[PDB]
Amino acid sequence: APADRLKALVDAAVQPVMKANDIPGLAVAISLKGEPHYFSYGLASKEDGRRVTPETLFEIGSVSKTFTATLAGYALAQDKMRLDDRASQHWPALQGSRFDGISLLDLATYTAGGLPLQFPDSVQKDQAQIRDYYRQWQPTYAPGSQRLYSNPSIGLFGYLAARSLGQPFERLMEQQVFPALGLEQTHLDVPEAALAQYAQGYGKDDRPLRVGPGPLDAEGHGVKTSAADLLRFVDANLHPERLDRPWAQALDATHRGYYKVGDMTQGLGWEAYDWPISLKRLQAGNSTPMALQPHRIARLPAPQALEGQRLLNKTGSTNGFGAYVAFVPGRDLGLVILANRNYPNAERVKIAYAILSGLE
């Protein structure tokens, strides 16, 4: 009966949303009382009929920002940086720029003063172009005052965290972060040997979309992973105390809230809500206006532990993929939903809410 009930719950949440949003393939992984459960639907590739499994690799887009925050958490644990550091401390090219007056915390939490959602099209994946872009950039409003969700903002945070550790970002992620977290199916650059597991992404007219190069792409949206590996990452987040101590501290650093916008408390990578909370409020926290417009923050007098009766989440999108991760620290509950269409955040949250409500 119990395995039948869980399958019925997840099928009832997933199947209508896959039909309504024409999602070719979707992987669910659930962590329930320390036990993993996997549900795989549809096709990783429509053209060759490859089915989704818990080992299928998906682009997770901005869920990558929780990995970037974890690497920064490692630099903080090693005393190589502090969140109150001026950004220009970690990159001499930025000395004399407005980054002399912007903190690593501002970059991590999208409050540097109006860094845009994307690098402009004029900035290619080129060290000199990225350097020159930040050197010339000027805030629209006071650093620390307004949240504007931004790839160049947390991209620079990750890039400077890597500089504080004296190694390239991509090398630190591959050689230290993924191995420390026990992740062997998690990649910034998918090996040839794993390419057969890499799902196709689907956009308009089912145009095929796997992400190409972009400025600070690894830091912003670089990760490809399986549902089973991303659930291992969720399980590390639910139990940081099981990791070697520097990595436990690295994960804990991502569970600290700095300010509120509406119902949402902003951490490093993770965004948190009180739990329980209505489905409409969790949808509103993950809405297009939340992501695309500036919002005045309500700064907390001291950082808040993101634990207990809270849901931590992150959405992630690329042109061809739509990911969502949520976990409830106080209930030892974790959920991963990976799809190979970029379908609306509201619909990702509808699946997640049905499952998390039904596990309770």
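Numbering starts at 1 and runs along the sequence shown.
For the two regions 168-176 and 262-270, the entry's Cα B-factors average higher over 168-176.
Taking only CA atoms, the mean B-factor in the PDB entry is higher for 238-246 than for the other of 274-282 and 238-246. When the C-alpha B factors of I297, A323, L26, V328 are read from the deposited coordinates, the top value falls at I297. Which of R232, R131, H187, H255 has the largest Cα B-factor in the deposited entry comes down to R131. Sort the chain's modelled residues by C-alpha temperature factor and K19 lands in the highest third, per the entry.
In this PDB entry, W91 carries a Cα temperature factor that places it within the middle third of its chain's modelled residues.
Annotation for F99: C-alpha temperature factor in the middle third relative to the rest of the modelled chain, per the entry. Split the chain's modelled residues into thirds by C-alpha temperature factor. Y110 is in the lowest one. The entry lists a Cα temperature factor for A227 that places it in the lowest third of the chain's modelled residues.
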